[PDB]
Amino acid sequence: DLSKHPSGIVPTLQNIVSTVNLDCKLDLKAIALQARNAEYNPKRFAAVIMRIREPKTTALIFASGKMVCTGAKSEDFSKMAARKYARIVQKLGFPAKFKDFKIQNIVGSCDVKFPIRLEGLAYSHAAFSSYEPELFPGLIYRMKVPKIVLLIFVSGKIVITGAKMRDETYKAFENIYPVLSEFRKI
DNA sequence: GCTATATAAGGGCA
DNA sequence: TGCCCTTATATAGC
């Protein structure tokens, strides 16, 4: 699909974070007692942690009725898993709705299949880069348009994060592609 | 396991 | 105020 992805590479979506408002106060201890695949340690974190096999995800359910869903490989899968959780809560006795579902972070990654001269890339783009190999082996590239953060490795492996729309993930990778090429390690 | 990245939700505390 | 708490996930040298 060289028309949409000129580099001929499509970043793989790895993790999606979403939120939804169940729109009802939830008794968390009641839920932690009735729910099987759930864990709740208020002294550690103020949320019940639930999980489902398909789509493989984890939800953080708060007393406020708010809910975080993480782990899905796509946006649809995240909405889908979010709905299965809402229905679990519904079946637990709370008048749970599904208000304001929103994708909050999309995580993707790809392999350009060639090593990068991270120091040169960093040096040529100081304004956007943070490369301190002794702290983290990857170059932290904070792209301005779109506002996306890329983790660039010597191996040619790239992690694109911070997107709320998958096109931001694709766009960021397309913008960075010619840059990675410019600093290919020979 | 850790280091780092983005992100939401909450309680708790300087 | 504002930071960390926790969860997921790719990446990789500790």
Side-chain angles (χ1 to χ4, degrees), chain A residues 9-29 31-32 38-75 77-79 81-82 85-86 89 96 98-116 118-119 121-122 128-144 146-166 168-170 172-173 176 180 185:
Chain A
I9 305 179
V10 184
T12 293
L13 302 196
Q14 304 290 358
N15 182 37
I16 271 70
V17 176
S18 67
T19 52
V20 64
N21 186 7
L22 297 190
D23 211 356
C24 68
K25 291 297 195 163
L26 309 164
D27 185 308
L28 298 191
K29 186 41 75 174
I31 294 178
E39 58 219 42
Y40 174 49
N41 179 14
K43 67 82 142 69
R44 174 183 163 71
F45 192 57
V48 164
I49 297 167
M50 212 169 261
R51 301 181 165 83
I52 63 177
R53 278 187 72 197
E54 319 281 341
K56 194 192 170 192
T57 56
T58 296
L60 300 163
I61 300 165
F62 305 81
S64 62
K66 297 293 194 75
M67 176 173 92
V68 174
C69 186
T70 63
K73 297 303 189 186
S74 75
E75 302 95 302
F77 279 146
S78 197
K79 188 169 198 171
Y85 288 116
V89 173
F98 202 77
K99 186 187 183 180
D100 314 309
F101 168 88
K102 180 178 181 189
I103 299 297
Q104 304 278 2
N105 182 38
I106 298 177
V107 184
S109 74
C110 53
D111 186 359
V112 298
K113 297 183 166 193
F114 63 76
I116 320 300
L118 294 189
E119 192 45 71
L121 205 167
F128 311 84
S129 314
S130 300
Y131 178 50
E132 297 296 352
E134 293 168 350
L135 305 167
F136 185 63
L139 180 152
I140 311 309
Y141 196 106
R142 294 220 166 64
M143 194 168 279
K144 296 177 172 71
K147 268 193 64 163
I148 292 303
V149 175
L150 297 98
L151 304 191
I152 310 175
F153 300 88
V154 174
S155 63
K157 257 67 156 49
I158 317 294
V159 171
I160 303 93
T161 188
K164 281 169 181 273
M165 293 290 278
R166 75 164 59 183
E168 287 170 341
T169 305
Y170 304 151
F173 173 69
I176 206 72
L180 305 175
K185 182 186 296 197

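Within every chain, numbering begins at 1; the chains are lettered A, B, ... in the order of the sequence lines, protein sequences first and strands thereafter. Reckoned from all heavy atoms, side chains included, excluding hydrogens, waters and symmetry mates.
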Show the distances under 3.5 angstrom between N or O atoms of the protein and N or O atoms of nucleotides 8-14 of chain B.
from, atom 1, to, atom 2, distance (Å)
B/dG10, OP1, A/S64, OG, 2.5

Evaluation steps, side-chain contact (heavy atoms from CB on, under 4.5 Å), between A/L121 and A/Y131: CA-CA 9 Å; A/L121 205 167; A/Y131 178 50; over 6 Å; no
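- Closest of all the heavy-atom pairs between A/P146 and A/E168 is CG-O, 3.7 Å.
- Comparing C/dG13, C/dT9, B/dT5 against the side chain of A/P137 picks out C/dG13 as the nearest.
- Atom pair A/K73:NZ and C/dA10:P shows a separation of 5 Å (rounding to whole Å applied).
- With its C1'-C2'-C3'-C4' torsion above zero, B/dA6 shows a north sugar pucker.
- Rounded to whole Å, the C1' atom of B/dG10 lies 22 Å from the corresponding atom of C/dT9.
- C/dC5: sugar pucker north (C1'-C2'-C3'-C4' torsion positive).
- For A/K79 against A/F98, the heavy-atom pair with the smallest separation is O-CZ, 3.7 Å.
- Remark: P of C/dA12 and OH of A/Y131 are 13 Å apart, rounded to the nearest angstrom.
- Of all non-hydrogen atoms in A/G156 and A/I116, the two that sit nearest each other are CA-CG1, 4.2 Å.
- DNA chain B is contacted by A/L151 of residues 150-159 of chain A, taking any non-hydrogen atom closer than 4.0 Å.
- Screening residues 149-161 of chain A for side-chain hydrogen bond (donor to acceptor under 3.5 Å, both in side chains), with sequence neighbours left out, gives A/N105-A/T161.
- To the nearest angstrom, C1' of C/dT9 lies 9 Å from CD1 of A/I16.
- Here B/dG10 is in the syn range [glycosidic angle within 90° of 0].
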Pair A/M50-A/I31, side-chain contact (heavy atoms from CB on, under 4.5 Å): steps then yes or no: CA-CA 10 Å; A/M50 212 169 261; A/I31 294 178; 3.9 Å; yes
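- Taking atom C1' on both nucleotides, C/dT1 is separated from B/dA6 by 23 Å, rounded to a whole Å.
- The distance from atom OH of A/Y141 to atom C1' of B/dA6 is 17 Å, rounded to the nearest whole Å.
- Partner assigned to C/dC5 is none, using Watson-Crick or G-U wobble distances below 3.5 angstrom.
- Contact detail for A/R166 and A/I106: the closest heavy-atom pair is N-CD1, 3.4 Å.
- When the P atom of C/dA10 is taken as reference, atom CD1 of A/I140 falls 17 Å away, rounded to whole Å.
- In this structure, B/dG10 forms no base pair with any nucleotide, since neither Watson-Crick nor G-U wobble geometry is met with both distances under 3.5 Å.
- At the phosphate of C/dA8, OP1 or OP2 sits under 4.0 Å from a side-chain N or O atom of A/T58.
- In this entry the distance linking CG of A/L135 with P of C/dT11 reads 21 Å, nearest Å.
- The pair A/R51-A/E39 meets the salt-bridge criterion, with a side-chain N (NZ, NE, NH1 or NH2) lying under 4.0 Å from an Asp/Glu carboxylate O.
- The residue A/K102 sits apart from the nucleic acid: no heavy atom pair falls under 4.0 Å.
- Neighbouring bases C/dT9 and C/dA10 form a stack, their six-membered ring centres lying under 5.5 angstrom apart with planes under 30 degrees.
- A/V112 approaches A/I9 most closely through the heavy-atom pair CA-CD1, 3.9 Å.
- Contact check, A/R44 against C/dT7: a side-chain N or O comes under 4.0 Å of OP1 or OP2.
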A/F77 vs A/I16, side-chain contact (heavy atoms from CB on, under 4.5 Å): CA-CA, chis, key distance, verdict: CA-CA 9 Å; A/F77 279 146; A/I16 271 70; over 6 Å; no
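- We find that CZ of A/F136 is positioned 11 Å from P of C/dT11, with the value rounded to whole Å.
- When the P atom of B/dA4 is taken as reference, atom CZ of A/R142 falls 11 Å away, rounded to whole Å.
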